[PDB]
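Below is one structure, written out as structure tokens; comments come after it.
Heavy-atom basis, side chains included; hydrogens, waters and symmetry copies ignored. Throughout, protein chains are lettered first and strands after them, A, B, ... in sequence-line order, and every chain is numbered starting at 1.
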Amino acid sequence: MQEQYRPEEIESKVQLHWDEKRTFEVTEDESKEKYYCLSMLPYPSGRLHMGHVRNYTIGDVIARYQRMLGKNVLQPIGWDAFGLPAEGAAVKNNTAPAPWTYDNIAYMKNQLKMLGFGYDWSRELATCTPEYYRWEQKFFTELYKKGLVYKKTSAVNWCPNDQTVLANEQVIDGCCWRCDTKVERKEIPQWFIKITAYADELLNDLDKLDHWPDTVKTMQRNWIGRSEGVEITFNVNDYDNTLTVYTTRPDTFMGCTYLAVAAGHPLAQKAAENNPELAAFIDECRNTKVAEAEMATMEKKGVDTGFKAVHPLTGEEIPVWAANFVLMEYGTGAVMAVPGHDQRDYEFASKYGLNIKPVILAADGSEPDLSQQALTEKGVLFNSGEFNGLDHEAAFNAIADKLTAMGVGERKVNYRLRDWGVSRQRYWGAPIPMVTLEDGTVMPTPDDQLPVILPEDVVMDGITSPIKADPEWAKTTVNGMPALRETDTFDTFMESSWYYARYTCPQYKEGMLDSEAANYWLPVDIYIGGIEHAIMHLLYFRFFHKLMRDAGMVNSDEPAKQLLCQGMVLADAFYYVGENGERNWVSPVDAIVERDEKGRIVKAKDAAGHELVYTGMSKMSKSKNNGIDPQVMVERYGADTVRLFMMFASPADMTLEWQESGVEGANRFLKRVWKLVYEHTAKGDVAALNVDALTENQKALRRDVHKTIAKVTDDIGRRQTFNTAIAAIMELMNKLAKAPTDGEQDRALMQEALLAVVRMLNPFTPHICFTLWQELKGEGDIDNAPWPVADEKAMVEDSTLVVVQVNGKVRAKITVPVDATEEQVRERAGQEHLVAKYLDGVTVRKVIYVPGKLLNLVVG
RNA sequence: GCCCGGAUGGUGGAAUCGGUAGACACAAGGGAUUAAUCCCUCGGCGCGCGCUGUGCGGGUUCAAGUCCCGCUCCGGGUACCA
Ligand SMILES: CC[C@@H](C)[C@H](N)C(=O)NS(=O)(=O)NC[C@H]1O[C@@H](n2cnc3c(N)ncnc32)[C@H](O)[C@@H]1O
Ligand SMILES: CC[C@H](C)[C@H](N)C(=O)NS(=O)(=O)NC[C@H]1O[C@@H](n2cnc3c(N)ncnc32)[C@H](O)[C@@H]1O
Ligand SMILES: [Mg+2]
Ligand SMILES: [Zn+2]
């Protein structure tokens, strides 16, 4: 051990230790209690960024802490390796997605290793491999065979030029990411998994997820968006088909003054026939972007159809308008409009002069003033014929019952949640195991034809998928006849919905899951990953868990006991536009940046004097080229410093705007820790500690050493406030370094303190602590060292600090025996001159005493 | 737009259940050492004190960064980025 802390030496040596001793390789060890600490596996995008480091350090932190408490700890790592970015990337570069992907893996594999995370590499999987997706393929056919998979047509961002399907991110203000040719809606038959058939289970079970944050439970709930309502069926004049709407407000039904139908809706088609203006509007309507966000900011636009539904209850003819915000894919693609009592229908009616008919009384039972807006709050019906006077509830049911009994209504449950569309029209993904025969008929790819390999050796024209470009590939034989397999590939969310299970038995060819290894490790105890995935990935995750329950593969209803969603690590992002429309993102490292007085970026320019559009902080991603790769910091300072720096920035759950400034503290703290163990162990062995014997100065110290341990443990295991944990530790160092060390007892305290510290540090900076255990002649490898237990008896306070306020204003602070009465505290408070200052001429009206902590003298 | 969050010194942040605002650091300035270590200073405004101060506006309480009502700005998601 040198005097100078030189992580460039220590870190690899410790890592190489871990590789060889296979420290974090774990088996289904039935003696030791298991803990399965899972961080959401990365997509291999090229380089680690800081966001991943927050994730995996939080992850390594809890894993190592947990091993330290004596548990058998699974911490796995792998590559969620299908996805878009490799497609674009592999052409820029003239490769196939596969070799670019595998090389991204090796590069990053290397980055995660040097950061010393304690992963069970024996368990690494790469989702692009047939060893892997063959199982999601077989599973899908099981689901198919079991009625949970279907085909409906679905709108897709089609580029009319390229004539190629684009993901929303490749749509830039309504244009194509390559050439500024305009994206259009195309409906395309696609595969769906009836996630909706598990809506109630997904919705109800959240109330059992005691250890999932509320943010995520609430987000998922609002997303599933279950409602009870009524579908209502209307006849239209001179049209042969009925129209159906879903409303949660049948109560407002006598206030229906129009219907609005989707551009795609046959009424709209039939009416277009003879109405050039409607025909225009529908044609316009494939400029409606396949994202909800636009579907909602876009201005509502609609053309009347000339058609007239019959209100089943009033008999009045009502206009059918075609509108741009009502979609066929989702529900009936026909809504019922009550302008008086829905803000969306208030706006619409205003704009196009439709009727704004009131039918619900203000809370006071008076007629609502509609002249500005809808009355949306529920209430007594009026001007609703036979239903007048009824409260919201009774009107709901009353209108429900009549429409039911007229056979045109029905009570129906609905969910905002739509089914999951897994068909992707792209190459780099697992092919969907479906098969169309000469028959014309469609079945699962036969068992014995799984997996359906995605070939890796391809020429990528960029525009088309190799497996759609080549006529031979689709060709198979099924049931004896020629058939064509599906050329669409899976939404890559599919691979990230079940990896957590495959990690328990990645090397198992007999099935999807060696359910004995799955049930040894499952459910995951803690699941760590971005807040970004609160909803989609997590909801697919639970879903899939449950489909795997429902296949007898796993025992528990839910996949993850605890969920830790870290905040997003963000960074300034910047683009210029290429000579034809191409958005070019420019790393913040390369941006030359002019700053405000509130410190905001005001101008930005790239190395070539390109003006840049600054976009603000957004999560770090290769998409905006704004990720900071830990690599340089790591090689200058070592993993431990980057790691502790990351955990110290702020608490896990809070989003964090990245800044390079602050590292060195973390680095200097580690030098202070090093120096102090160096110096303390240079004076050799210590006497056993004699507890009853120590100066009060030593007694205070030990009690801090012990309160820290308690705090850091409570911070790490209950709150996940690693930053406070660390600060609490730092302050102990500051104390420890101002403590005497010639005393036999000085040295013995120092030594207990320093073991407790070096262990407390370990989950954050295990390389330096591994080394520092050895010096302190710690028992064995620090990795399996037990977490330190605070001794209650070393933690009793004699006194306690009481804050003193007059009329709520702190005037004084006063140490006071823990066992102090209000009256002694009062009299004590009194002795303080600044308290006296404020009590002259005034009466104590009210005294408030928070025992042992605070005294307020309401004075008048 | 909707849903979820967030906002605190020059900076990141602490304050755990309504009780001390700024713990712990970074930056900066000054000093002791001829890059490294160490001191001191450090929310504002006028002092071994007074007032003020937790994005903005109201409000409840003895007491509000925290709770309630209305907002602003920022981030995440919004179903094909992952
Ligand atoms: C008071 C009744 C009105 C608010 C409205 N006609 C209505 O029926 N509201 S609803 O909750 O019952 N609707 C159920 C679903 O239908 C869609 N929807 C109904 N009306 C509109 C509208 N004007 N614009 C966009 N979407 C609309 C909603 O997305 C909701 O998902
Ligand atoms: C199962 C997880 C996903 C489906 C996917 N593999 C994925 O998110 N892959 S990743 O490379 O983008 N990220 C892996 C983990 O890192 C977190 N993360 C990614 N980017 C950031 C960021 N800017 N700030 C904070 N955290 C971030 C992800 O949420 C995921 O936990
Ligand atoms: Mg600030
Ligand atoms: Zn194009």
Side-chain angles (χ1 to χ4, degrees), chain A residues 4 40 42-43 45 80 82-85 154 156-157 165-171 195 213-216 218-223 225 290-298 344 416-426 491-493 496 530-537 539 565 567-568 570 599 616-619 621-623 645 648-651 653-659 661-666 668-669 671 675 711 714-715 718-719 721 723-724 726-731 734 801-810 812-813 834 845-848 850 853-859:
Chain A
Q4 193 189 115
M40 302 192 180
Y43 170 63
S45 56
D80 157 24
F82 285 139
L84 208 197
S154 161
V156 96
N157 306 281
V165 177
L166 302 180
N168 290 327
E169 198 209 34
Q170 293 162 324
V171 193
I195 205 182
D214 288 320
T215 49
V216 175
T218 292
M219 269 189 296
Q220 288 196 11
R221 216 169 275 129
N222 294 329
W223 174 276
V290 192
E292 192 189 34
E294 298 220 344
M295 272 271 36
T297 345
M298 65 176 16
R344 292 163 316 195
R416 180 186 166 284
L417 182 62
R418 326 183 288 253
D419 294 310
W420 176 15
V422 303
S423 298
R424 293 305 168 258
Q425 14 297 154
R426 283 199 271 71
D491 171 352
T492 78
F493 271 114
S496 66
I531 185 76
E532 65 175 333
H533 295 294
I535 292 171
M536 301 205 69
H537 162 49
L539 203 64
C565 269
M568 289 312 126
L570 327 156
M617 298 270 198
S618 37
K619 47 138 151 169
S621 163
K622 204 60 177 66
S623 295
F645 178 65
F648 191 53
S650 62
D653 60 11
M654 209 174 190
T655 73
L656 149 85
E657 316 208 286
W658 184 254
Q659 38 214 246
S661 350
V663 248
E664 225 136 61
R668 301 191 269 262
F669 170 72
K671 295 206 210 166
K675 190 180 146 178
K711 164 165 181 77
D714 179 48
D715 292 0
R718 182 182 63 81
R719 322 161 69 202
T721 57
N723 51 335
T724 73
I726 284 150
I729 295 172
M730 291 198 185
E731 177 190 349
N734 288 336
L801 187 161
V802 156
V803 179
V804 180
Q805 318 160 317
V806 172
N807 288 327
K809 281 220 168 131
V810 174
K813 312 201 237 213
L834 303 169
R845 297 283 183 57
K846 206 196 277 276
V847 185
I848 315 291
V850 174
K853 268 99 270 185
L854 168 150
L855 181 91
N856 187 45
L857 296 169
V858 191
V859 132

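When the nucleotides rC80(B), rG75(B), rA21(B) are ranked by their closest atom to the side chain of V156(A), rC80(B) comes out on top. Taking the side chain of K619(A) as heavy atoms from C-beta on, and the options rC80(B), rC24(B), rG76(B), the nearest nucleotide is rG76(B). You'll find that the side chain of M536(A) is closest to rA79(B), out of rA79(B), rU52(B), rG19(B). Of the candidate nucleotides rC62(B), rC24(B), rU20(B), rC24(B) has the atom lying nearest to any side-chain atom of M730(A). With distances taken from any side-chain atom of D715(A) to the nucleotides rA7(B), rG19(B), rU16(B), the minimum falls on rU16(B). Closest contact between the side chain of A293(A) and the listed nucleotides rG1(B), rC74(B), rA23(B) involves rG1(B). The side chain of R426(A) has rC80(B) as its nearest neighbour among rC62(B), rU20(B), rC80(B). Closest approach to the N856(A) side chain among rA79(B), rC24(B), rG19(B) is made by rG19(B) (side chain taken as heavy atoms from C-beta onward). Candidate nucleotides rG50(B), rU16(B), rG76(B) were compared by shortest atom distance to the side chain of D714(A), and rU16(B) ranks first. Of all nucleotides listed (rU52(B), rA23(B), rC81(B)), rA23(B) comes nearest to the side chain of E731(A).
Between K675(A) and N168(A), it is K675(A) whose nearest contact on RNA chain B lies nearer the 5' terminus. Along RNA chain B, the nucleotide nearest to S618(A) and the one nearest to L854(A) differ in position, and the one closer to the 5' end is contacted by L854(A).
No Watson-Crick or G-U wobble pair links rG55(B) with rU20(B) with both defining distances under 3.5 Å. Pairing status of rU66(B) against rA28(B): not a Watson-Crick or G-U wobble pair with both distances under 3.5 Å.
Pair check for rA14(B) finds none; no Watson-Crick or G-U wobble contact set falls under 3.5 Å. Base pairing annotation: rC81(B) forms no Watson-Crick or G-U wobble pair, as no partner gives both donor-acceptor distances under 3.5 Å. Across the strands present, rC38(B) finds its partner in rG31(B); the criterion is a Watson-Crick or G-U wobble pair with both atom distances under 3.5 angstrom. Taking a pair to require two hydrogen-bonding distances under 3.5 Å in either a Watson-Crick or a G-U wobble arrangement, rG5(B) pairs with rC74(B). The partner of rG43(B) is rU52(B), judged by Watson-Crick or G-U wobble contacts that both fall below 3.5 Å.
Both conditions, centre separation below 5.5 angstrom and plane angle below 30 degrees, hold for the six-membered rings of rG5(B) and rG6(B). Stacking status of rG9(B) with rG10(B): not stacked, per the base-ring test of centres under 5.5 Å and planes under 30°. Base stacking is present between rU72(B) and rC73(B); both the centre distance of their six-membered rings (under 5.5 Å) and the plane angle (under 30°) fall inside the limits. Neighbouring nucleotides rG48(B) and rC49(B) fail the stacking criterion: their six-membered base rings are not both under 5.5 Å apart at the centres and under 30° between the planes.
Within the nucleic acid shown, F669(A) has no heavy atom closer than 4.0 Å to any nucleic acid atom. Within the 4.0 angstrom heavy-atom criterion, no nucleotide atom of any strand lies near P42(A). Counting non-hydrogen atoms under 4.0 angstrom, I848(A) reaches a base of the nucleic acid. Among the atoms of the strands shown, only primed sugar atoms or phosphate atoms (P, OP1, OP2) are found under 4.0 Å from some heavy atom of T724(A). Backbone-only engagement by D80(A) is indicated by non-hydrogen atom pairs under 4.0 Å involving sugar-phosphate atoms exclusively. At a threshold of 4.0 angstrom between heavy atoms, the contacts of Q805(A) include nucleobase atoms, whether or not backbone atoms are also involved. Within 4.0 Å (heavy atoms only), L417(A) reaches at least one base atom of the nucleic acid. Residue contacts for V850(A): at a heavy-atom cut-off of 4.0 Å it reaches a base atom on one of the strands shown. Within the nucleic acid shown, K853(A) has no heavy atom closer than 4.0 Å to any nucleic acid atom. Within 4.0 Å (heavy atoms only), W223(A) reaches at least one base atom of the nucleic acid. Among the protein residues, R221(A) comes within range of no part of the nucleic acid, since none of its heavy atoms lies under 4.0 Å from any strand. Contacts of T215(A) with the nucleic acid, taken as non-hydrogen atoms under 4.0 Å apart, involve only primed sugar atoms and P, OP1 or OP2.
A sub-4.0 Å separation between OP1 or OP2 of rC24(B) and a side-chain N or O of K711(A) is absent. Distances shorter than 4.0 Å separate none of the side-chain N or O atoms of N807(A) from OP1 or OP2 on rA63(B). Here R668(A) reaches the OP1 or OP2 of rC26(B): one of its side-chain N or O atoms lies under 4.0 Å away. Side-chain nitrogen and oxygen atoms of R719(A) include at least one within less than 4.0 Å of the OP1 or OP2 phosphate oxygen of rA15(B). For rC80(B), one of the phosphate oxygens OP1 or OP2 lies less than 4.0 angstrom from a side-chain nitrogen or oxygen of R424(A).
No option in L834(A), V858(A), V859(A) other than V859(A) meets the side chain to side chain contact (heavy atoms under 4.5 Å, CB included) test with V806(A).
Atom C1' of nucleotide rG76(B) and atom CE of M617(A) are separated by 14 Å, given to the nearest angstrom. As rounded to whole Å, 15 Å separates atom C1' of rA79(B) from atom NE2 of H537(A). What separates CD of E532(A) from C1' of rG77(B) is a distance of 9 Å, to the nearest Å. When rounded to the nearest whole Å, the span between CG of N222(A) and P of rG1(B) equals 17 Å. Nucleotide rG77(B) holds its P atom 16 Å from the CD atom of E294(A), rounded to whole Å. Atom CH2 in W658(A) sits about 17 Å away from atom P in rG76(B), given to the nearest Å. Summarising the geometry, the separation between CE on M654(A) and P on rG6(B) is reported as 7 Å, rounded to the nearest angstrom. Across the protein-nucleic acid pair, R344(A) atom CZ and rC2(B) atom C1' stand 10 Å apart, rounded to whole Å.
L539(A) places a side-chain heavy atom less than 4.5 Å from the side chain of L417(A). Looking at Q4(A) and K675(A), their side chains never come closer than 4.5 Å, going by heavy atoms from C-beta outward. Proximity of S496(A) to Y43(A): side-chain heavy atoms (C-beta onward) are nowhere separated by under 4.5 Å. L855(A) places a side-chain heavy atom less than 4.5 Å from the side chain of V847(A). Using a 4.5 Å heavy-atom cutoff, the side chains of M568(A) and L570(A) are in contact.
The backbone N or O of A534(A) sits less than 3.5 Å from a side-chain atom of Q220(A), completing a donor-acceptor pair. Between the side chain of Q805(A) and the main chain of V803(A), no donor-acceptor pair closer than 3.5 Å is present. Judged by distance alone, with hydrogens and angles left aside, the side-chain atoms of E731(A) form no donor-acceptor pair with the main-chain N or O of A728(A) at under 3.5 Å.
The pair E292(A)-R416(A) meets the salt-bridge criterion, with a side-chain N (NZ, NE, NH1 or NH2) lying under 4.0 Å from an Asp/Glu carboxylate O.
Glycosidic conformation of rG5(B): anti, with the torsion beyond 90° of 0. Annotated as anti: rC45(B), whose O4'-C1'-N torsion sits more than 90° from 0.
Nucleotide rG9(B) shows a negative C1'-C2'-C3'-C4' value and thus a south, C2'-endo-like sugar.
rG77(B) sits 28 Å from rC68(B) when the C1' atoms are compared, rounded to a whole Å.
Residue side chain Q425(A) reaches the base of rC80(B) through a donor-acceptor N/O pair under 3.5 Å, judged by distance alone.
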